[PDB]
């Protein structure tokens, strides 16, 4: 199931650094497997057809449990909103699940998880390049699993203008909440 934690080189290849993570001072220690459906998996920037991605991934596995006293937070984010091809591109958050203590999510849930922001499919506007749809795992203390600050509370992607006044990138959300970023995977969808 596990293809190997992405290297700094792999992250730089698709410009995940600096676009998503601003520098190489990231220390990933959890490998992440994601299957949207049979045969359509998220593997370090592979291109997926949007046709397979409308529903929450059928299966997600983490190579390790979180440290004692901690849980995983999973974010799915499009860092290429509105477009991969224009420099104003910012992050649109598609899914946030916290309270993750065990290694498998089946159709987006597991016992005791807390879905903070429900899954919304990529919803990518045609002709806006290959969006680097991202799955970011961070660590949160058990006691704070239900209190993540700095999250957006959106209308519909593209249809309604996003207000960026209180915008925070996942990098910055992790800083604000004192969460180590510990795992990452991505694909590209146009």
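Positions refer to the first chain, counted from 1.
Check the residues of the deposited sequence separating residue 164 from residue 165 and report how many of them have no coordinates, as none, 1 to 3, 4 to 9, or 10 or more.
According to the record, the chain runs unbroken from residue 164 to residue 165.
As stated in the PDB record, which stretch has the larger average Cα B-factor, 38 to 46 or 127 to 135?
So the stretch with the higher mean C-alpha B-factor is 38 to 46.
Comparing average C-alpha B factors as deposited, tell me which of 139 to 147 and 52 to 60 sits higher.
Taking the mean B-factor of the alpha carbons in each, 139 to 147 is higher.
Between 120, 73, 113, 76, where does the Cα B-factor run highest in the record?
Answer, based on the entry's C-alpha B-factors: 113.
Tell me, lowest, middle or highest third: where does the Cα B factor of residue 25 rank within its chain?
Top third by C-alpha B-factor.
Name the third of the chain's ranked CA B-factors that contains residue 12, choosing lowest, middle or highest.
Top third by C-alpha B-factor.
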